[PDB]
$ cat data-v2.tsv   # TSV, N, CA and C atoms and all ligand atoms
chain	number	residue	atom	x	y	z
Q	1	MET	N	-5.85	-28.65	5.45
Q	1	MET	CA	-4.50	-28.43	4.86
Q	1	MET	C	-4.10	-26.93	4.93
Q	2	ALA	N	-2.97	-26.62	5.60
Q	2	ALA	CA	-2.42	-25.24	5.69
Q	2	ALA	C	-0.99	-25.13	5.08
Q	3	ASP	N	-0.90	-25.16	3.74
Q	3	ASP	CA	0.38	-25.11	2.98
Q	3	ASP	C	0.62	-23.67	2.38
Q	4	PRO	N	1.71	-22.91	2.71
Q	4	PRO	CA	1.98	-21.58	2.10
Q	4	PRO	C	2.38	-21.53	0.58
Q	5	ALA	N	3.02	-22.57	0.02
Q	5	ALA	CA	3.24	-22.70	-1.45
Q	5	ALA	C	1.94	-22.82	-2.31
Q	6	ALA	N	1.01	-23.74	-1.97
Q	6	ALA	CA	-0.39	-23.68	-2.50
Q	6	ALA	C	-1.22	-22.40	-2.17
Q	7	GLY	N	-1.03	-21.76	-1.00
Q	7	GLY	CA	-1.53	-20.37	-0.75
Q	7	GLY	C	-1.05	-19.23	-1.69
Q	8	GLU	N	0.18	-19.30	-2.23
Q	8	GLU	CA	0.64	-18.39	-3.32
Q	8	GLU	C	-0.13	-18.51	-4.68
Q	9	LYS	N	-0.45	-19.73	-5.17
Q	9	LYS	CA	-1.42	-19.90	-6.31
Q	9	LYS	C	-2.88	-19.42	-6.02
Q	10	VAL	N	-3.43	-19.69	-4.82
Q	10	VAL	CA	-4.72	-19.09	-4.35
Q	10	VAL	C	-4.66	-17.52	-4.21
Q	11	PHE	N	-3.57	-16.91	-3.68
Q	11	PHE	CA	-3.36	-15.44	-3.75
Q	11	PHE	C	-3.32	-14.80	-5.18
Q	12	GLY	N	-2.98	-15.51	-6.28
Q	12	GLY	CA	-3.27	-15.04	-7.67
Q	12	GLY	C	-4.72	-14.61	-8.04
Q	13	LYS	N	-5.75	-15.19	-7.40
Q	13	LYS	CA	-7.13	-14.61	-7.34
Q	13	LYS	C	-7.24	-13.18	-6.68
Q	14	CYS	N	-6.43	-12.89	-5.64
Q	14	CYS	CA	-6.31	-11.56	-5.00
Q	14	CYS	C	-5.36	-10.53	-5.73
Q	15	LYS	N	-4.26	-10.98	-6.37
Q	15	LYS	CA	-3.19	-10.11	-6.98
Q	15	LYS	C	-3.59	-8.89	-7.87
Q	16	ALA	N	-4.60	-9.02	-8.76
Q	16	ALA	CA	-5.13	-7.87	-9.54
Q	16	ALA	C	-5.70	-6.65	-8.73
Q	17	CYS	N	-6.35	-6.90	-7.58
Q	17	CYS	CA	-6.73	-5.83	-6.62
Q	17	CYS	C	-5.69	-5.52	-5.49
Q	18	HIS	N	-5.10	-6.55	-4.85
Q	18	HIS	CA	-4.25	-6.41	-3.64
Q	18	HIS	C	-2.77	-6.81	-3.94
Q	19	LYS	N	-1.80	-5.98	-3.52
Q	19	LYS	CA	-0.36	-6.36	-3.56
Q	19	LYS	C	0.17	-6.38	-2.11
Q	20	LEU	N	0.71	-7.52	-1.66
Q	20	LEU	CA	1.33	-7.68	-0.30
Q	20	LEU	C	2.31	-6.55	0.13
Q	21	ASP	N	3.31	-6.24	-0.71
Q	21	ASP	CA	4.56	-5.59	-0.24
Q	21	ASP	C	4.46	-4.04	-0.34
Q	22	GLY	N	3.73	-3.45	0.62
Q	22	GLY	CA	3.49	-1.98	0.69
Q	22	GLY	C	2.52	-1.29	-0.32
Q	23	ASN	N	2.25	-1.91	-1.48
Q	23	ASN	CA	1.56	-1.25	-2.62
Q	23	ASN	C	0.01	-1.45	-2.57
Q	24	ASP	N	-0.72	-0.34	-2.43
Q	24	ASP	CA	-2.21	-0.34	-2.33
Q	24	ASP	C	-2.84	-0.03	-3.73
Q	25	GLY	N	-3.68	-0.94	-4.26
Q	25	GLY	CA	-4.27	-0.78	-5.62
Q	25	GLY	C	-5.79	-0.53	-5.60
Q	26	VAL	N	-6.58	-1.52	-6.05
Q	26	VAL	CA	-8.07	-1.52	-5.82
Q	26	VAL	C	-8.41	-1.90	-4.34
Q	27	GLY	N	-7.81	-2.97	-3.78
Q	27	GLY	CA	-7.78	-3.19	-2.31
Q	27	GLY	C	-6.47	-2.74	-1.60
Q	28	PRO	N	-6.40	-2.72	-0.23
Q	28	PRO	CA	-5.16	-2.35	0.51
Q	28	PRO	C	-4.00	-3.38	0.40
Q	29	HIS	N	-2.79	-3.01	0.85
Q	29	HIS	CA	-1.64	-3.95	0.90
Q	29	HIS	C	-1.83	-5.05	2.01
Q	30	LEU	N	-1.78	-6.35	1.64
Q	30	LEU	CA	-2.09	-7.46	2.59
Q	30	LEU	C	-0.89	-8.09	3.39
Q	31	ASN	N	0.33	-7.51	3.41
Q	31	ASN	CA	1.43	-7.98	4.31
Q	31	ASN	C	1.03	-7.96	5.83
Q	32	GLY	N	1.12	-9.13	6.49
Q	32	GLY	CA	0.67	-9.29	7.90
Q	32	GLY	C	-0.79	-8.98	8.24
Q	33	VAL	N	-1.76	-9.41	7.42
Q	33	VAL	CA	-3.22	-9.29	7.75
Q	33	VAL	C	-3.74	-10.24	8.88
Q	34	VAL	N	-3.07	-11.38	9.16
Q	34	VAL	CA	-3.49	-12.38	10.18
Q	34	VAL	C	-3.19	-11.81	11.62
Q	35	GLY	N	-4.26	-11.42	12.34
Q	35	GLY	CA	-4.13	-10.54	13.54
Q	35	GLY	C	-4.25	-9.00	13.35
Q	36	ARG	N	-4.38	-8.46	12.13
Q	36	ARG	CA	-4.38	-6.99	11.88
Q	36	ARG	C	-5.78	-6.34	12.07
Q	37	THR	N	-5.82	-5.11	12.61
Q	37	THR	CA	-7.09	-4.40	12.93
Q	37	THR	C	-8.00	-4.13	11.68
Q	38	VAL	N	-9.33	-4.33	11.83
Q	38	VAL	CA	-10.32	-4.10	10.73
Q	38	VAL	C	-10.40	-2.57	10.38
Q	39	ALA	N	-10.15	-2.23	9.10
Q	39	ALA	CA	-9.83	-0.84	8.65
Q	39	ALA	C	-8.51	-0.22	9.24
Q	40	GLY	N	-7.39	-0.97	9.15
Q	40	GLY	CA	-6.11	-0.59	9.82
Q	40	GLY	C	-5.00	0.09	8.99
Q	41	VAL	N	-5.03	0.05	7.65
Q	41	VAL	CA	-3.99	0.71	6.79
Q	41	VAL	C	-4.32	2.23	6.65
Q	42	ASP	N	-3.66	3.07	7.47
Q	42	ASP	CA	-3.77	4.56	7.38
Q	42	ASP	C	-3.05	5.09	6.09
Q	43	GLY	N	-3.84	5.56	5.11
Q	43	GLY	CA	-3.38	5.64	3.70
Q	43	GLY	C	-4.45	5.17	2.69
Q	44	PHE	N	-4.93	3.92	2.83
Q	44	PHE	CA	-6.14	3.45	2.10
Q	44	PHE	C	-7.44	3.90	2.86
Q	45	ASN	N	-8.34	4.63	2.19
Q	45	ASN	CA	-9.70	4.91	2.74
Q	45	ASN	C	-10.65	3.69	2.52
Q	46	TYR	N	-11.25	3.20	3.62
Q	46	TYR	CA	-12.14	2.01	3.61
Q	46	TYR	C	-13.66	2.39	3.47
Q	47	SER	N	-14.55	1.39	3.32
Q	47	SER	CA	-16.03	1.62	3.36
Q	47	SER	C	-16.56	1.94	4.80
Q	48	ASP	N	-17.70	2.65	4.91
Q	48	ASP	CA	-18.32	2.99	6.23
Q	48	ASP	C	-18.72	1.76	7.13
Q	49	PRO	N	-19.45	0.68	6.69
Q	49	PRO	CA	-19.55	-0.58	7.48
Q	49	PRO	C	-18.24	-1.40	7.72
Q	50	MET	N	-17.19	-1.28	6.88
Q	50	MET	CA	-15.81	-1.76	7.23
Q	50	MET	C	-15.13	-0.96	8.40
Q	51	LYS	N	-15.12	0.38	8.35
Q	51	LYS	CA	-14.72	1.25	9.50
Q	51	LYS	C	-15.56	1.08	10.81
Q	52	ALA	N	-16.90	0.98	10.72
Q	52	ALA	CA	-17.77	0.61	11.87
Q	52	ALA	C	-17.74	-0.88	12.39
Q	53	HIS	N	-17.15	-1.85	11.67
Q	53	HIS	CA	-17.05	-3.27	12.13
Q	53	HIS	C	-16.16	-3.47	13.40
Q	54	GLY	N	-14.89	-3.03	13.39
Q	54	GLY	CA	-13.99	-3.15	14.57
Q	54	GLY	C	-13.33	-4.53	14.80
Q	55	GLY	N	-12.49	-4.59	15.84
Q	55	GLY	CA	-11.71	-5.82	16.15
Q	55	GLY	C	-10.50	-6.09	15.23
Q	56	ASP	N	-10.11	-7.37	15.11
Q	56	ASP	CA	-8.93	-7.78	14.30
Q	56	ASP	C	-9.26	-8.95	13.33
Q	57	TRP	N	-8.48	-9.04	12.23
Q	57	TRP	CA	-8.56	-10.16	11.25
Q	57	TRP	C	-7.88	-11.47	11.76
Q	58	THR	N	-8.55	-12.12	12.71
Q	58	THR	CA	-8.18	-13.46	13.24
Q	58	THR	C	-8.42	-14.61	12.18
Q	59	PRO	N	-7.80	-15.83	12.26
Q	59	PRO	CA	-8.02	-16.91	11.26
Q	59	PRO	C	-9.50	-17.40	11.03
Q	60	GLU	N	-10.35	-17.44	12.07
Q	60	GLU	CA	-11.83	-17.57	11.89
Q	60	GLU	C	-12.55	-16.33	11.24
Q	61	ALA	N	-12.27	-15.07	11.65
Q	61	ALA	CA	-12.75	-13.86	10.92
Q	61	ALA	C	-12.34	-13.75	9.41
Q	62	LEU	N	-11.06	-14.04	9.07
Q	62	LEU	CA	-10.63	-14.28	7.67
Q	62	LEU	C	-11.33	-15.48	6.96
Q	63	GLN	N	-11.46	-16.69	7.56
Q	63	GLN	CA	-12.31	-17.78	6.99
Q	63	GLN	C	-13.81	-17.42	6.73
Q	64	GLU	N	-14.51	-16.74	7.65
Q	64	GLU	CA	-15.87	-16.19	7.39
Q	64	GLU	C	-15.92	-15.12	6.24
Q	65	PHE	N	-15.13	-14.04	6.31
Q	65	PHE	CA	-15.04	-13.02	5.22
Q	65	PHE	C	-14.54	-13.53	3.83
Q	66	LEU	N	-13.52	-14.41	3.76
Q	66	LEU	CA	-13.13	-15.08	2.49
Q	66	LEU	C	-14.10	-16.20	1.99
Q	67	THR	N	-14.95	-16.81	2.84
Q	67	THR	CA	-16.14	-17.59	2.40
Q	67	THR	C	-17.22	-16.72	1.66
Q	68	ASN	N	-17.69	-15.59	2.24
Q	68	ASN	CA	-18.51	-14.58	1.50
Q	68	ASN	C	-18.25	-13.15	2.11
Q	69	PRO	N	-17.62	-12.16	1.41
Q	69	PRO	CA	-17.29	-10.84	2.02
Q	69	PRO	C	-18.46	-9.83	2.22
Q	70	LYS	N	-19.29	-9.63	1.19
Q	70	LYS	CA	-20.51	-8.77	1.27
Q	70	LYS	C	-21.69	-9.29	2.15
Q	71	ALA	N	-21.85	-10.61	2.37
Q	71	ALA	CA	-22.68	-11.14	3.50
Q	71	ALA	C	-22.13	-10.87	4.94
Q	72	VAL	N	-20.80	-11.01	5.18
Q	72	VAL	CA	-20.17	-10.69	6.50
Q	72	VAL	C	-20.12	-9.15	6.79
Q	73	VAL	N	-19.47	-8.33	5.94
Q	73	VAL	CA	-19.53	-6.84	6.07
Q	73	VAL	C	-20.56	-6.33	5.01
Q	74	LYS	N	-21.79	-6.02	5.45
Q	74	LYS	CA	-22.89	-5.59	4.54
Q	74	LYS	C	-22.68	-4.12	4.03
Q	75	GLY	N	-22.18	-3.98	2.80
Q	75	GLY	CA	-21.63	-2.69	2.28
Q	75	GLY	C	-20.09	-2.53	2.18
Q	76	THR	N	-19.29	-3.62	2.18
Q	76	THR	CA	-17.87	-3.57	1.75
Q	76	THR	C	-17.73	-3.39	0.20
Q	77	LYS	N	-16.80	-2.53	-0.22
Q	77	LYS	CA	-16.37	-2.45	-1.65
Q	77	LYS	C	-15.46	-3.61	-2.20
Q	78	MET	N	-15.21	-4.70	-1.44
Q	78	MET	CA	-14.52	-5.91	-1.95
Q	78	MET	C	-15.44	-6.74	-2.90
Q	79	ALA	N	-15.32	-6.50	-4.22
Q	79	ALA	CA	-16.07	-7.26	-5.26
Q	79	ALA	C	-15.44	-8.67	-5.57
Q	80	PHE	N	-15.58	-9.57	-4.59
Q	80	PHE	CA	-15.09	-10.97	-4.67
Q	80	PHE	C	-16.26	-11.92	-4.25
Q	81	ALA	N	-16.53	-12.96	-5.06
Q	81	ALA	CA	-17.62	-13.93	-4.76
Q	81	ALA	C	-17.41	-14.81	-3.47
Q	82	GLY	N	-16.28	-15.53	-3.35
Q	82	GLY	CA	-16.00	-16.37	-2.17
Q	82	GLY	C	-15.17	-17.65	-2.44
Q	83	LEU	N	-14.49	-18.12	-1.39
Q	83	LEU	CA	-13.76	-19.41	-1.38
Q	83	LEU	C	-14.59	-20.48	-0.57
Q	84	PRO	N	-15.41	-21.40	-1.18
Q	84	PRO	CA	-16.19	-22.41	-0.40
Q	84	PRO	C	-15.40	-23.56	0.30
Q	85	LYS	N	-14.28	-24.04	-0.28
Q	85	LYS	CA	-13.43	-25.10	0.32
Q	85	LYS	C	-12.49	-24.54	1.44
Q	86	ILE	N	-12.44	-25.25	2.59
Q	86	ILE	CA	-11.46	-24.98	3.69
Q	86	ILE	C	-9.95	-25.01	3.29
Q	87	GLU	N	-9.48	-26.00	2.50
Q	87	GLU	CA	-8.07	-26.05	2.01
Q	87	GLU	C	-7.56	-24.78	1.25
Q	88	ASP	N	-8.33	-24.20	0.31
Q	88	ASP	CA	-8.02	-22.87	-0.29
Q	88	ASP	C	-7.90	-21.69	0.74
Q	89	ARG	N	-8.85	-21.54	1.68
Q	89	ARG	CA	-8.75	-20.55	2.79
Q	89	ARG	C	-7.57	-20.82	3.81
Q	90	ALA	N	-7.44	-22.04	4.35
Q	90	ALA	CA	-6.30	-22.45	5.21
Q	90	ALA	C	-4.87	-22.39	4.57
Q	91	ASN	N	-4.68	-22.87	3.32
Q	91	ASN	CA	-3.44	-22.63	2.53
Q	91	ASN	C	-3.09	-21.12	2.32
Q	92	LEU	N	-4.06	-20.31	1.86
Q	92	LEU	CA	-3.96	-18.82	1.83
Q	92	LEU	C	-3.64	-18.11	3.19
Q	93	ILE	N	-4.34	-18.44	4.30
Q	93	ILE	CA	-3.98	-17.96	5.67
Q	93	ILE	C	-2.54	-18.38	6.14
Q	94	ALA	N	-2.06	-19.63	5.89
Q	94	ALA	CA	-0.61	-19.97	5.99
Q	94	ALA	C	0.38	-19.10	5.14
Q	95	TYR	N	0.07	-18.79	3.87
Q	95	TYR	CA	0.82	-17.77	3.07
Q	95	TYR	C	0.78	-16.30	3.62
Q	96	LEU	N	-0.39	-15.79	4.04
Q	96	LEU	CA	-0.50	-14.50	4.80
Q	96	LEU	C	0.18	-14.47	6.22
Q	97	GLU	N	0.31	-15.60	6.94
Q	97	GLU	CA	1.32	-15.77	8.04
Q	97	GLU	C	2.82	-15.80	7.56
Q	98	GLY	N	3.16	-16.53	6.47
Q	98	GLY	CA	4.49	-16.45	5.81
Q	98	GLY	C	4.99	-15.05	5.37
Q	99	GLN	N	4.19	-14.31	4.58
Q	99	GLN	CA	4.37	-12.83	4.45
Q	99	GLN	C	3.64	-12.06	5.60
Q	100	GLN	N	4.30	-12.00	6.76
Q	100	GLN	CA	4.07	-10.92	7.75
Q	100	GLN	C	5.05	-9.76	7.44
Q	201	LIG	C1	-10.84	-6.74	-6.26
Q	201	LIG	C2	-12.04	-7.09	-7.16
Q	201	LIG	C3	-10.70	-7.61	-4.97
Q	201	LIG	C4	-10.50	-8.93	-4.94
Q	201	LIG	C5	-10.49	-9.83	-6.18
Q	201	LIG	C6	-10.26	-9.21	-3.64
Q	201	LIG	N1	-10.41	-8.21	-2.83
Q	201	LIG	FE1	-9.87	-8.01	-1.06
Q	201	LIG	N2	-10.26	-6.24	-0.90
Q	201	LIG	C7	-10.67	-5.40	-1.95
Q	201	LIG	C8	-11.14	-4.14	-1.55
Q	201	LIG	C9	-11.61	-3.00	-2.46
Q	201	LIG	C10	-11.07	-4.12	-0.18
Q	201	LIG	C11	-11.52	-2.98	0.75
Q	201	LIG	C12	-12.95	-3.23	1.29
Q	201	LIG	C13	-13.59	-2.12	2.12
Q	201	LIG	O1	-14.76	-2.31	2.51
Q	201	LIG	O2	-12.96	-1.07	2.37
Q	201	LIG	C14	-10.56	-5.37	0.19
Q	201	LIG	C15	-10.39	-5.85	1.56
Q	201	LIG	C16	-9.95	-7.08	1.83
Q	201	LIG	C17	-9.64	-7.34	3.13
Q	201	LIG	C18	-9.64	-6.44	4.40
Q	201	LIG	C19	-8.23	-5.83	4.62
Q	201	LIG	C20	-8.05	-4.75	5.68
Q	201	LIG	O3	-6.92	-4.21	5.76
Q	201	LIG	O4	-9.01	-4.39	6.40
Q	201	LIG	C21	-9.18	-8.58	3.11
Q	201	LIG	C22	-8.74	-9.39	4.34
Q	201	LIG	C23	-9.19	-8.90	1.79
Q	201	LIG	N3	-9.75	-8.04	0.95
Q	201	LIG	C24	-8.62	-10.06	1.46
Q	201	LIG	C25	-8.63	-10.55	0.08
Q	201	LIG	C26	-8.14	-11.79	-0.34
Q	201	LIG	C27	-7.20	-12.71	0.45
Q	201	LIG	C28	-8.59	-11.96	-1.63
Q	201	LIG	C29	-8.24	-13.13	-2.57
Q	201	LIG	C30	-8.89	-14.44	-2.11
Q	201	LIG	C31	-9.29	-10.77	-1.95
Q	201	LIG	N4	-9.28	-9.78	-0.92
Q	201	LIG	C32	-9.82	-10.43	-3.28
Q	201	LIG	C33	-10.75	-5.95	-3.32
Q	201	LIG	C34	-10.63	-7.24	-3.67
$ encode --input "data-v2.tsv" --output "structure tokens"
Amino acid sequence: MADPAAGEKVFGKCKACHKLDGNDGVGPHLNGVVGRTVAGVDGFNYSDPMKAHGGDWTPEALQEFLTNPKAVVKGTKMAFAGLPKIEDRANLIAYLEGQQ
């Protein structure tokens, strides 16, 4: 299931650290992350294994990192446990395509 309205309720788990619309808080601003370069917001300083990772945030790279972030990038400052169900990750990735 890839629904952007159910992805807005799943993004309430992200809202306290991350704000979509230009504003960088505890994490960076997430407007248009689907396809965006790893360590790409010039303005937010990232972790050293996040800067050394490379490539882009594709829908499989976002599904692996949102399943467990500190197992995928060993030494990221993202203090989030994980989304185990596919519908929560796929609904959220449809909302992050909706806000490009
Ligand atoms: C605060 C406790 C966070 C929560 C809750 C979530 N994330 Fe976060 N995110 C946070 C930080 C501090 C960072 C930077 C990590 C680093 O190593 O520098 C991040 C990063 C992401 C990223 C990468 C973005 C990029 O521009 O490279 C993504 C894709 C990301 N976080 C997504 C995300 C989502 C969708 C969350 C809710 C399910 C989520 N984060 C929660 C801090 C926190």
$ residues_near_ligand --input "data-v2.tsv" --ligand "ligand LIG 201 (chain Q)" --cutoff "7 Å" --atoms "all atoms listed in the file" --output "ChimeraX atom specification"
/Q:10-18,26-30,33,36-41,45-51,57,62,66,75-81,83
$ closest_residue --input "data-v2.tsv" --among "Q:58, Q:63, Q:31, Q:23" --to "residue 86 of chain Q" --atoms "all atoms listed in the file"
Q:63
$ atom_distance --input "data-v2.tsv" --atom1 "atom CA of residue 95 of chain Q" --atom2 "atom C of residue 4 of chain Q"
4.8 Å
$ residues_around --input "data-v2.tsv" --residues "residue 92 of chain Q" --least-positions-apart "2" --cutoff "8 Å" --atoms "only C-alpha atoms" --output "VMD selection string"
chain Q and resid 2 to 4 6 to 8 10 to 11 88 to 90 94 to 96
$ write_last_selection --input "data-v2.tsv" --atoms "N, CA and C atoms" --output "compact mmCIF listing (two decimals), in the coordinates of the input"
# COMPACT_ATOMS: atom_id res chain seq x y z
N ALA Q 2 -2.97 -26.62 5.60
CA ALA Q 2 -2.42 -25.24 5.69
C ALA Q 2 -0.99 -25.13 5.08
N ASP Q 3 -0.90 -25.16 3.74
CA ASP Q 3 0.38 -25.11 2.98
C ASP Q 3 0.62 -23.67 2.38
N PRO Q 4 1.71 -22.91 2.71
CA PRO Q 4 1.98 -21.58 2.10
C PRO Q 4 2.38 -21.53 0.58
N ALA Q 6 1.01 -23.74 -1.97
CA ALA Q 6 -0.39 -23.68 -2.50
C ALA Q 6 -1.22 -22.40 -2.17
N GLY Q 7 -1.03 -21.76 -1.00
CA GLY Q 7 -1.53 -20.37 -0.75
C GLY Q 7 -1.05 -19.23 -1.69
N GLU Q 8 0.18 -19.30 -2.23
CA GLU Q 8 0.64 -18.39 -3.32
C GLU Q 8 -0.13 -18.51 -4.68
N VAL Q 10 -3.43 -19.69 -4.82
CA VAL Q 10 -4.72 -19.09 -4.35
C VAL Q 10 -4.66 -17.52 -4.21
N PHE Q 11 -3.57 -16.91 -3.68
CA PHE Q 11 -3.36 -15.44 -3.75
C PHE Q 11 -3.32 -14.80 -5.18
N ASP Q 88 -8.33 -24.20 0.31
CA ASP Q 88 -8.02 -22.87 -0.29
C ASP Q 88 -7.90 -21.69 0.74
N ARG Q 89 -8.85 -21.54 1.68
CA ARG Q 89 -8.75 -20.55 2.79
C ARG Q 89 -7.57 -20.82 3.81
N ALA Q 90 -7.44 -22.04 4.35
CA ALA Q 90 -6.30 -22.45 5.21
C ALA Q 90 -4.87 -22.39 4.57
N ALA Q 94 -2.06 -19.63 5.89
CA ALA Q 94 -0.61 -19.97 5.99
C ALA Q 94 0.38 -19.10 5.14
N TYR Q 95 0.07 -18.79 3.87
CA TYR Q 95 0.82 -17.77 3.07
C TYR Q 95 0.78 -16.30 3.62
N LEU Q 96 -0.39 -15.79 4.04
CA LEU Q 96 -0.50 -14.50 4.80
C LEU Q 96 0.18 -14.47 6.22
$ atom_distance --input "data-v2.tsv" --atom1 "atom N of residue 59 of chain Q" --atom2 "atom C of residue 84 of chain Q"
16.1 Å
$ atom_distance --input "data-v2.tsv" --atom1 "atom CA of residue 99 of chain Q" --atom2 "atom CA of residue 65 of chain Q"
19.4 Å
$ closest_residue --input "data-v2.tsv" --among "Q:9, Q:53, Q:19, Q:85" --to "residue 73 of chain Q" --atoms "all atoms listed in the file"
Q:53
$ select_by_dssp --input "data-v2.tsv" --residues "chain Q" --states "alpha helix (DSSP H)" --output "ChimeraX atom specification"
/Q:4-11,48-53,59-67,69-72,86-98
$ decode --input "data-v2.tsv" --residues "segment 40-59 of chain Q" --atoms "N, CA, C and O atoms" --output "mmCIF file, in the first residue's frame"
data_model
loop_
_atom_site.group_PDB
_atom_site.id
_atom_site.type_symbol
_atom_site.label_atom_id
_atom_site.label_comp_id
_atom_site.auth_asym_id
_atom_site.auth_seq_id
_atom_site.Cartn_x
_atom_site.Cartn_y
_atom_site.Cartn_z
ATOM 1 N N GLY Q 40 23.184 15.527 1.508
ATOM 2 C CA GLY Q 40 22.988 16.540 0.431
ATOM 3 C C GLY Q 40 22.529 17.968 0.807
ATOM 4 O O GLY Q 40 22.649 18.864 -0.032
ATOM 5 N N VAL Q 41 21.996 18.207 2.018
ATOM 6 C CA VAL Q 41 21.547 19.564 2.455
ATOM 7 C C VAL Q 41 22.781 20.393 2.949
ATOM 8 O O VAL Q 41 23.198 20.292 4.108
ATOM 9 N N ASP Q 42 23.330 21.250 2.066
ATOM 10 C CA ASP Q 42 24.432 22.188 2.418
ATOM 11 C C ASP Q 42 23.911 23.340 3.347
ATOM 12 O O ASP Q 42 23.103 24.179 2.936
ATOM 13 N N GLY Q 43 24.316 23.302 4.624
ATOM 14 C CA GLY Q 43 23.571 23.990 5.716
ATOM 15 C C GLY Q 43 23.449 23.135 6.995
ATOM 16 O O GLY Q 43 23.892 23.561 8.062
ATOM 17 N N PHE Q 44 22.873 21.924 6.885
ATOM 18 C CA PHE Q 44 22.943 20.907 7.966
ATOM 19 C C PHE Q 44 24.298 20.125 7.893
ATOM 20 O O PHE Q 44 24.608 19.496 6.876
ATOM 21 N N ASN Q 45 25.083 20.124 8.986
ATOM 22 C CA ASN Q 45 26.277 19.240 9.104
ATOM 23 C C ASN Q 45 25.854 17.788 9.508
ATOM 24 O O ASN Q 45 25.173 17.579 10.517
ATOM 25 N N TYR Q 46 26.266 16.801 8.704
ATOM 26 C CA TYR Q 46 25.905 15.369 8.906
ATOM 27 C C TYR Q 46 27.000 14.584 9.719
ATOM 28 O O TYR Q 46 28.084 15.096 10.016
ATOM 29 N N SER Q 47 26.725 13.312 10.082
ATOM 30 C CA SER Q 47 27.749 12.409 10.690
ATOM 31 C C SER Q 47 28.840 11.939 9.668
ATOM 32 O O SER Q 47 28.593 11.866 8.458
ATOM 33 N N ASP Q 48 30.047 11.591 10.152
ATOM 34 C CA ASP Q 48 31.161 11.099 9.284
ATOM 35 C C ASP Q 48 30.845 9.791 8.463
ATOM 36 O O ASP Q 48 31.035 9.858 7.244
ATOM 37 N N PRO Q 49 30.313 8.643 8.993
ATOM 38 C CA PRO Q 49 29.759 7.551 8.141
ATOM 39 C C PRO Q 49 28.512 7.876 7.252
ATOM 40 O O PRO Q 49 28.345 7.219 6.226
ATOM 41 N N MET Q 50 27.672 8.879 7.585
ATOM 42 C CA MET Q 50 26.678 9.451 6.625
ATOM 43 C C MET Q 50 27.321 10.217 5.415
ATOM 44 O O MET Q 50 26.982 9.925 4.266
ATOM 45 N N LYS Q 51 28.271 11.144 5.656
ATOM 46 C CA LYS Q 51 29.115 11.761 4.584
ATOM 47 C C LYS Q 51 29.982 10.767 3.739
ATOM 48 O O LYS Q 51 30.009 10.884 2.510
ATOM 49 N N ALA Q 52 30.641 9.775 4.364
ATOM 50 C CA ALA Q 52 31.309 8.660 3.639
ATOM 51 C C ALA Q 52 30.420 7.570 2.939
ATOM 52 O O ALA Q 52 30.963 6.796 2.147
ATOM 53 N N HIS Q 53 29.097 7.491 3.191
ATOM 54 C CA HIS Q 53 28.191 6.508 2.523
ATOM 55 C C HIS Q 53 28.033 6.722 0.978
ATOM 56 O O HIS Q 53 28.289 5.789 0.210
ATOM 57 N N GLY Q 54 27.622 7.924 0.527
ATOM 58 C CA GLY Q 54 27.479 8.226 -0.921
ATOM 59 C C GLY Q 54 26.197 7.707 -1.615
ATOM 60 O O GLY Q 54 25.338 7.047 -1.023
ATOM 61 N N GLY Q 55 26.071 8.036 -2.907
ATOM 62 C CA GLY Q 55 24.859 7.687 -3.697
ATOM 63 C C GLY Q 55 23.614 8.564 -3.421
ATOM 64 O O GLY Q 55 23.723 9.727 -3.022
ATOM 65 N N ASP Q 56 22.422 8.001 -3.664
ATOM 66 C CA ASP Q 56 21.134 8.737 -3.499
ATOM 67 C C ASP Q 56 20.096 7.929 -2.663
ATOM 68 O O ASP Q 56 20.079 6.691 -2.651
ATOM 69 N N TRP Q 57 19.165 8.655 -2.017
ATOM 70 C CA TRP Q 57 18.023 8.056 -1.275
ATOM 71 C C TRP Q 57 16.881 7.545 -2.210
ATOM 72 O O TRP Q 57 15.779 8.097 -2.294
ATOM 73 N N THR Q 58 17.162 6.422 -2.880
ATOM 74 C CA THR Q 58 16.184 5.668 -3.712
ATOM 75 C C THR Q 58 15.082 4.956 -2.841
ATOM 76 O O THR Q 58 15.317 4.730 -1.646
ATOM 77 N N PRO Q 59 13.877 4.559 -3.354
ATOM 78 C CA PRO Q 59 12.833 3.889 -2.520
ATOM 79 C C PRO Q 59 13.231 2.568 -1.775
ATOM 80 O O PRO Q 59 12.805 2.380 -0.633
#
